[PDB]
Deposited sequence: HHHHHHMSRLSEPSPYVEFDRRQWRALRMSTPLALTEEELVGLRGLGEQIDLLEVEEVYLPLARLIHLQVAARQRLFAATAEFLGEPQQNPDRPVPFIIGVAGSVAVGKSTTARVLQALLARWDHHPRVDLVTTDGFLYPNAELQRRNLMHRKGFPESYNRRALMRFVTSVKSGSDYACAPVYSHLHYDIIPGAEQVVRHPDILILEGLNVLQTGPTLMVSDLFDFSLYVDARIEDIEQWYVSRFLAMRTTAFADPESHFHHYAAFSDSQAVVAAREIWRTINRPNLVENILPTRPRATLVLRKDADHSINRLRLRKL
(Lines of atoms letter the chains of each structure in order from A and count residues from 1; the text may use other names and numbers.)
(Lines give C-alpha, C1' and ligand atoms only; values in the text may rest on other atoms or scores of the structure.)
Protein backbone atom coordinates (compact mmCIF):
# COMPACT_ATOMS: atom_id res chain seq x y z
CA UNK A 1 0.00 0.00 0.00
CA UNK A 2 1.94 3.09 -1.33
CA UNK A 3 2.26 6.26 0.77
CA UNK A 4 3.59 9.85 0.50
CA UNK A 5 4.91 9.28 4.05
CA UNK A 6 7.65 7.27 5.82
CA UNK A 7 7.38 6.54 9.58
CA UNK A 8 10.56 6.21 11.75
CA UNK A 9 11.44 5.52 15.35
CA UNK A 10 14.43 7.05 17.16
CA UNK A 11 16.45 3.88 16.58
CA UNK A 12 15.96 4.08 12.76
CA UNK A 13 16.22 7.90 12.53
CA UNK A 14 19.36 8.27 14.73
CA UNK A 15 21.15 5.92 12.31
CA UNK A 16 20.68 8.59 9.57
CA UNK A 17 23.00 10.99 11.43
CA UNK A 18 26.18 10.02 9.46
CA UNK A 19 29.29 12.08 10.16
CA UNK A 20 27.40 15.20 11.27
CA UNK A 21 29.53 17.06 13.88
CA UNK A 22 27.89 18.20 17.09
CA UNK A 23 28.80 21.92 17.28
CA UNK A 24 26.53 22.70 20.32
CA UNK A 25 27.78 22.77 23.98
CA UNK A 26 25.48 21.97 26.96
CA UNK A 27 25.78 25.56 28.23
CA UNK A 28 24.37 26.71 24.89
CA UNK A 29 21.60 24.08 24.69
CA UNK A 30 19.86 25.10 27.94
CA UNK A 31 20.17 28.77 26.93
CA UNK A 32 17.61 27.80 24.26
CA UNK A 33 15.55 25.38 26.36
CA UNK A 34 12.18 26.68 27.47
CA UNK A 35 10.68 26.33 30.94
CA UNK A 36 9.60 22.68 31.28
CA UNK A 37 11.46 21.32 28.22
CA UNK A 38 13.52 18.08 28.71
CA UNK A 39 15.70 18.32 25.56
CA UNK A 40 19.31 17.11 26.23
CA UNK A 41 22.42 16.69 24.03
CA UNK A 42 21.46 13.05 23.45
CA UNK A 43 18.36 14.32 21.61
CA UNK A 44 20.12 16.96 19.53
CA UNK A 45 22.44 14.13 18.35
CA UNK A 46 19.86 11.42 17.77
CA UNK A 47 17.10 13.67 16.25
CA UNK A 48 18.07 17.25 15.35
CA UNK A 49 21.32 16.26 13.62
CA UNK A 50 19.75 13.91 11.10
CA UNK A 51 17.18 16.69 10.60
CA UNK A 52 19.98 19.19 10.05
CA UNK A 53 21.65 16.87 7.54
CA UNK A 54 18.36 16.46 5.66
CA UNK A 55 17.84 20.17 5.57
CA UNK A 56 21.37 20.88 4.26
CA UNK A 57 21.07 18.32 1.46
CA UNK A 58 17.82 19.94 0.31
CA UNK A 59 19.04 23.54 0.43
CA UNK A 60 21.51 22.80 -2.38
CA UNK A 61 18.94 20.94 -4.58
CA UNK A 62 16.08 23.38 -3.92
CA UNK A 63 18.11 26.24 -5.36
CA UNK A 64 18.89 24.40 -8.62
CA UNK A 65 15.13 24.60 -9.14
CA UNK A 66 15.15 28.41 -8.96
CA UNK A 67 18.19 28.26 -11.25
CA UNK A 68 16.10 26.46 -13.89
CA UNK A 69 13.43 29.18 -13.80
CA UNK A 70 16.04 31.98 -14.02
CA UNK A 71 17.82 30.16 -16.91
CA UNK A 72 14.48 29.88 -18.73
CA UNK A 73 13.87 33.57 -18.04
CA UNK A 74 17.32 34.26 -19.60
CA UNK A 75 18.78 35.86 -16.44
CA UNK A 76 22.30 37.36 -15.74
CA UNK A 77 23.51 35.15 -3.01
CA UNK A 78 20.58 32.86 -3.99
CA UNK A 79 16.87 32.50 -3.14
CA UNK A 80 16.63 32.11 0.68
CA UNK A 81 15.46 28.68 1.87
CA UNK A 82 12.36 29.06 4.05
CA UNK A 83 11.53 26.77 6.97
CA UNK A 84 8.23 26.75 8.84
CA UNK A 85 7.79 25.38 12.34
CA UNK A 86 4.23 24.93 13.56
CA UNK A 87 2.46 23.36 16.52
CA UNK A 88 0.33 24.11 19.55
CA UNK A 89 1.26 26.50 22.33
CA UNK A 90 3.29 24.69 25.01
CA UNK A 91 4.41 21.83 22.74
CA UNK A 92 7.93 23.27 22.66
CA UNK A 93 8.15 24.19 18.99
CA UNK A 94 9.68 27.51 20.10
CA UNK A 95 12.63 25.56 21.43
CA UNK A 96 12.88 23.27 18.36
CA UNK A 97 12.99 26.37 16.21
CA UNK A 98 15.77 27.95 18.28
CA UNK A 99 17.75 24.71 18.37
CA UNK A 100 17.30 24.23 14.62
CA UNK A 101 18.57 27.74 14.06
CA UNK A 102 21.74 27.13 16.05
CA UNK A 103 22.45 23.77 14.40
CA UNK A 104 22.06 25.19 10.86
CA UNK A 105 24.09 28.36 11.46
CA UNK A 106 27.08 26.23 12.44
CA UNK A 107 27.47 24.54 9.08
CA UNK A 108 31.10 24.90 8.04
CA UNK A 109 30.20 27.10 5.06
CA UNK A 110 28.67 29.48 7.73
CA UNK A 111 25.26 30.58 6.45
CA UNK A 112 23.19 33.41 7.86
CA UNK A 113 20.10 31.84 9.51
CA UNK A 114 17.41 34.28 10.76
CA UNK A 115 14.49 33.13 12.96
CA UNK A 116 11.14 34.98 13.17
CA UNK A 117 8.24 33.96 15.38
CA UNK A 118 4.83 35.03 14.12
CA UNK A 119 3.77 36.69 17.33
CA UNK A 120 5.16 40.01 16.09
CA UNK A 121 2.36 39.89 13.55
CA UNK A 122 -0.48 39.87 16.05
CA UNK A 123 -2.77 42.88 15.88
CA UNK A 124 -2.10 45.25 18.82
CA UNK A 125 -4.55 44.87 21.71
CA UNK A 126 -6.53 48.00 20.89
CA UNK A 127 -7.00 46.73 17.34
CA UNK A 128 -8.04 43.36 18.76
CA UNK A 129 -10.46 45.01 21.18
CA UNK A 130 -11.97 46.84 18.15
CA UNK A 131 -12.52 43.60 16.21
CA UNK A 132 -13.74 41.88 19.37
CA UNK A 133 -10.85 39.39 19.37
CA UNK A 134 -9.05 39.43 22.77
CA UNK A 135 -10.81 36.22 23.72
CA UNK A 136 -9.27 34.71 20.48
CA UNK A 137 -5.62 35.87 20.61
CA UNK A 138 -3.59 33.25 18.71
CA UNK A 139 -6.39 32.31 16.32
CA UNK A 140 -5.68 33.01 12.61
CA UNK A 141 -7.85 36.17 12.47
CA UNK A 142 -5.87 37.77 15.31
CA UNK A 143 -2.89 38.00 12.95
CA UNK A 144 -2.24 40.49 10.22
CA UNK A 145 -1.75 37.74 7.68
CA UNK A 146 -1.41 40.20 4.79
CA UNK A 147 1.48 41.97 6.58
CA UNK A 148 3.02 38.60 7.36
CA UNK A 149 2.73 37.35 3.75
CA UNK A 150 4.20 40.57 2.34
CA UNK A 151 7.22 40.10 4.66
CA UNK A 152 8.09 36.48 3.83
CA UNK A 153 7.51 37.24 0.16
CA UNK A 154 9.75 40.27 0.33
CA UNK A 155 12.54 38.16 1.89
CA UNK A 156 12.23 35.37 -0.62
CA UNK A 157 12.05 37.88 -3.52
CA UNK A 158 15.74 38.39 -2.65
CA UNK A 159 15.15 41.89 -1.26
CA UNK A 160 17.90 43.66 0.70
CA UNK A 161 15.95 43.98 3.92
CA UNK A 162 12.55 43.48 5.52
CA UNK A 163 11.13 44.62 8.89
CA UNK A 164 8.76 42.78 11.24
CA UNK A 165 6.98 44.19 14.26
CA UNK A 166 7.85 42.94 17.76
CA UNK A 167 5.57 41.45 20.46
CA UNK A 168 6.32 41.67 24.21
CA UNK A 169 5.15 38.63 26.15
CA UNK A 170 5.79 40.61 29.29
CA UNK A 171 3.27 43.32 28.34
CA UNK A 172 0.98 41.00 26.34
CA UNK A 173 1.13 43.46 23.46
CA UNK A 174 2.94 44.70 20.36
CA UNK A 175 5.82 47.05 21.25
CA UNK A 176 5.30 50.51 19.65
CA UNK A 177 8.15 51.44 17.27
CA UNK A 178 10.11 48.20 17.76
CA UNK A 179 11.18 46.37 14.62
CA UNK A 180 13.12 43.25 13.69
CA UNK A 181 15.28 43.78 10.61
CA UNK A 182 16.03 40.79 8.40
CA UNK A 183 18.88 41.54 5.98
CA UNK A 184 18.76 38.83 3.25
CA UNK A 185 19.60 35.55 5.04
CA UNK A 186 20.37 32.18 3.43
CA UNK A 187 17.74 30.48 5.55
CA UNK A 188 14.70 31.84 7.33
CA UNK A 189 12.88 29.85 9.97
CA UNK A 190 9.37 31.06 10.62
CA UNK A 191 7.68 29.81 13.74
CA UNK A 192 4.03 30.11 14.64
CA UNK A 193 0.67 28.39 15.19
CA UNK A 194 -1.34 28.15 11.89
CA UNK A 195 1.58 29.02 9.67
CA UNK A 196 1.09 25.73 7.76
CA UNK A 197 -2.47 26.70 6.89
CA UNK A 198 -3.92 26.86 3.41
CA UNK A 199 -6.43 29.30 1.85
CA UNK A 200 -8.32 30.78 -1.10
CA UNK A 201 -5.32 32.98 -1.96
CA UNK A 202 -1.59 32.35 -1.71
CA UNK A 203 -0.19 32.13 1.88
CA UNK A 204 3.21 31.71 3.61
CA UNK A 205 2.84 27.90 3.68
CA UNK A 206 3.20 28.15 -0.11
CA UNK A 207 6.58 29.88 0.28
CA UNK A 208 8.05 27.18 2.59
CA UNK A 209 10.88 25.16 1.17
CA UNK A 210 10.76 22.86 4.25
CA UNK A 211 8.33 22.51 7.13
CA UNK A 212 8.32 21.01 10.57
CA UNK A 213 5.37 20.14 12.82
CA UNK A 214 5.88 19.34 16.51
CA UNK A 215 3.23 16.90 17.77
CA UNK A 216 1.88 15.31 20.99
CA UNK A 217 -1.29 13.85 22.55
CA UNK A 218 -3.68 16.66 23.37
CA UNK A 219 -3.93 15.52 27.02
CA UNK A 220 -0.17 15.77 27.37
CA UNK A 221 0.02 19.31 25.96
CA UNK A 222 -2.67 20.37 28.40
CA UNK A 223 -0.47 18.94 31.15
CA UNK A 224 2.64 20.86 29.99
CA UNK A 225 0.67 24.06 29.51
CA UNK A 226 -0.81 23.90 33.05
CA UNK A 227 2.58 23.09 34.63
CA UNK A 228 4.28 25.86 32.78
CA UNK A 229 1.51 28.20 33.77
CA UNK A 230 2.07 27.30 37.45
CA UNK A 231 5.85 27.66 37.04
CA UNK A 232 5.42 31.04 35.41
CA UNK A 233 4.23 32.50 38.80
CA UNK A 234 7.85 32.70 40.00
CA UNK A 235 9.17 33.59 36.53
CA UNK A 236 7.44 35.87 34.06
CA UNK A 237 4.42 36.74 36.26
CA UNK A 238 6.75 37.58 39.19
CA UNK A 239 7.88 40.80 37.47
CA UNK A 240 5.50 43.52 38.74
CA UNK A 241 5.34 44.94 35.18
CA UNK A 242 3.85 41.76 33.78
CA UNK A 243 0.40 42.28 32.28
CA UNK A 244 -0.32 39.06 34.24
CA UNK A 245 1.26 39.87 37.60
CA UNK A 246 -2.09 39.22 39.34
CA UNK A 247 -1.52 35.49 38.66
CA UNK A 248 1.65 35.40 40.81
CA UNK A 249 -0.39 35.19 44.07
CA UNK A 250 -2.73 32.41 42.84
CA UNK A 251 -2.44 29.17 44.83
CA UNK A 252 -1.78 25.88 43.01
CA UNK A 253 -5.47 25.08 42.70
CA UNK A 254 -6.69 28.55 41.60
CA UNK A 255 -3.75 28.59 39.16
CA UNK A 256 -4.79 25.14 37.86
CA UNK A 257 -8.37 26.44 37.52
CA UNK A 258 -7.31 29.58 35.58
CA UNK A 259 -4.84 27.65 33.39
CA UNK A 260 -7.44 24.97 32.58
CA UNK A 261 -10.03 27.61 31.70
CA UNK A 262 -7.74 29.51 29.27
CA UNK A 263 -6.80 26.12 27.77
CA UNK A 264 -10.44 25.01 27.43
CA UNK A 265 -11.79 28.20 25.82
CA UNK A 266 -8.84 29.51 23.73
CA UNK A 267 -5.90 27.16 23.24
CA UNK A 268 -7.54 23.75 22.88
CA UNK A 269 -10.15 24.80 20.24
CA UNK A 270 -7.54 26.66 18.15
CA UNK A 271 -5.42 23.52 18.24
CA UNK A 272 -8.34 21.25 17.29
CA UNK A 273 -10.12 23.42 14.73
CA UNK A 274 -7.12 24.97 13.04
CA UNK A 275 -3.63 23.75 13.98
CA UNK A 276 -4.14 19.98 14.04
CA UNK A 277 -5.92 19.92 10.65
CA UNK A 278 -2.62 21.28 9.18
CA UNK A 279 -0.42 18.38 10.32
CA UNK A 280 -0.77 16.37 7.04
CA UNK A 281 1.12 19.01 4.95
CA UNK A 282 4.34 19.09 7.10
CA UNK A 283 7.58 17.76 5.58
CA UNK A 284 8.47 16.30 8.96
CA UNK A 285 6.39 15.63 12.10
CA UNK A 286 8.30 15.36 15.41
CA UNK A 287 6.14 13.16 17.69
CA UNK A 288 6.81 13.76 21.46
CA UNK A 289 5.86 11.41 24.35
CA UNK A 290 4.36 12.33 27.74
CA UNK A 291 7.91 12.58 29.20
CA UNK A 292 8.77 15.15 26.41
CA UNK A 293 10.85 12.62 24.53
CA UNK A 294 10.84 12.58 20.67
CA UNK A 295 10.38 8.85 19.82
CA UNK A 296 8.66 8.67 16.40
CA UNK A 297 8.94 10.82 13.23
CA UNK A 298 6.91 11.03 9.98
CA UNK A 299 8.67 12.35 6.83
CA UNK A 300 7.07 13.30 3.50
CA UNK A 301 9.00 11.54 0.75
CA UNK A 302 6.48 12.93 -1.78
No C-alpha coords for deposited residues 1 to 11, 88 to 92
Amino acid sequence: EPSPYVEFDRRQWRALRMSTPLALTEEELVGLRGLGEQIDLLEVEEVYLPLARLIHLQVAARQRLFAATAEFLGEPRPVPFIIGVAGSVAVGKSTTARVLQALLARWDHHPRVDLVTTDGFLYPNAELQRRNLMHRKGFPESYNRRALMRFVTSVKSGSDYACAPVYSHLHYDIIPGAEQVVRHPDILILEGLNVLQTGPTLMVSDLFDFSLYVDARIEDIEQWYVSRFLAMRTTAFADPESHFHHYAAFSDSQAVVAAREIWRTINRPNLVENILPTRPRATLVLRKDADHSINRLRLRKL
From here on, numbers count along this sequence of modelled residues.
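Between two forms, the rigid core is defined as the largest C-alpha subset superposing within 1.5 Å.
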40 to 48 against 26 to 34 - segment lying farther from this form in 8 other deposited structures of this protein (CA RMS, rigid core fit): 26 to 34
Out of 102 to 110 and 144 to 152, which one drifts farther from the shown form in 8 other deposited structures of this protein in terms of CA positions, with the fit done on the rigid core? 102 to 110
Going by the B-factors listed in the PDB entry, is the mean over the C-alpha atoms higher for 163 to 171 or for 197 to 205? 197 to 205
Of the two stretches 67 to 75 and 180 to 188, which shows the higher Cα B-factor on average in the entry? 67 to 75
Looking at 256, 61, 262, 236, which one carries the largest C-alpha B-factor according to the PDB entry? 61
Where the record places residue 286 (Cα B-factor, split into thirds across the chain): lowest
Just say lowest, middle or highest third for the CA B-factor of residue 222 relative to the other modelled residues in its chain. lowest
Going by the CA temperature factor in the PDB record, which third of the chain does residue 111 belong to: lowest, middle or highest? highest
Residue 56: C-alpha B-factor third of its chain, per the entry, is the highest
In terms of the CA temperature factor given in the entry, to which third of its chain does residue 269 belong: lowest, middle or highest? lowest
